[PDB]
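The chain contents come next:
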Amino acid sequence: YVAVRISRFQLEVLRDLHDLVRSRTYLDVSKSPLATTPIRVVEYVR
Amino acid sequence: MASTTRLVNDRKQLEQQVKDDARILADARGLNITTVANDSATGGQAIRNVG
């Protein structure tokens, strides 16, 4: 006799095929490579 | 009375300097505090009111 219903459903329509294209962000290892070893600092007392 | 009469003080200054520069460079590694509890109870005889 009693029905449980909802409101405010959020869904996304597109209306064009090109809108399925988004963007990410990657690291360019070609000119910014990943380091392999620390700096190997050495200290002397003044 | 020459430079040979200044050896003990020289050794004192050298010892102080070595003690200092052996600690300026030593790494600082802090420990983890443990063994903390409430274990300081006080005893004695009660009053035990009579009546």
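Residues numbered from 1 in each chain as written, not as in the entry; some residues may be left out. Chains lettered and ligands numbered in written order. Part of a larger assembly, values for the part shown. Heavy atoms only, no water.

The record names cryo-EM as the way this model was obtained, at a resolution of 3.7 Å.

This part covers the overall build of chain A. Looking only at helices and strands, chain A has zero helices and zero strands in total. Referenced to the eigenvectors of the C-alpha coordinate spread, the extents of chain A come out at roughly 85 × 35 × 15 Å. Counting over 46 residues, chain A shows a buried share of 0%. Accessible surface, chain A: about 6,100 Å² in total, of which carbon and sulfur atoms supply 56%. (Helix = DSSP H or I, 4+ residues; strand = E, 2+ residues; numbered from the N terminus. Buried < 20%, exposed > 50% of the residue type's maximum accessible area, 1.4 Å probe, protein only. Areas by Shrake-Rupley, 256 points an atom, 1.4 Å probe, with all protein chains shown as cover.)

Helix and strand content of chain B: one helix and zero strands. Rg of the C-alpha trace for chain B: 28 Å, well past the compact-globule value of 10 Å for 51 residues, more than 25% over. For chain B, the spread of C-alpha atoms along the principal axes amounts to about 90 × 35 × 10 Å. Sorting the 51 residues of chain B into buried and exposed places 0% on the buried side. Per element, the accessible surface of chain B, about 5,900 Å² overall, is 52% carbon and sulfur. The centroid of the 7 positive side-chain charges in chain B is displaced by 6 Å from the centroid of its 6 negative side-chain charges. (Rg over C-alpha atoms; globule rule 2.2 N^0.38 Å. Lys, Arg positive; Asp, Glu negative; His and termini not counted. Charge placed at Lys NZ, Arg CZ, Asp CG, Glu CD.)

With that settled, consider unusual backbone geometry. Note on backbone geometry: most residues besides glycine have negative phi, and most peptide bonds are trans. Even without being a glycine, A:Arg15 presents a positive backbone phi close to 70°. Although it is not a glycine, B:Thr35 adopts a positive phi angle of roughly 55°. Along the polypeptide, B:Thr35 turns up in the segment after α1 (7-24).

A separate point is the environment of A:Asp16. According to the relative accessible area criterion, A:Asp16 is partly exposed, its value standing at 41%. Reaching out from A:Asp16, the side chain makes a polar contact with the backbone nitrogen of A:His18 at a distance of 3.5 Å. (Polar contact = N/O pair within 3.5 Å; in protein donor to acceptor, adjacent residues only side chain to side chain.)

Residues and elements named next belong to chain B. Here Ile24 is to be found in helix α1. The class for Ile24 is exposed, based on a relative accessible area of 56%. Taking the C-alpha atoms as reference points, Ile24 and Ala2, 22 residues apart in sequence, are found 34 Å from one another.

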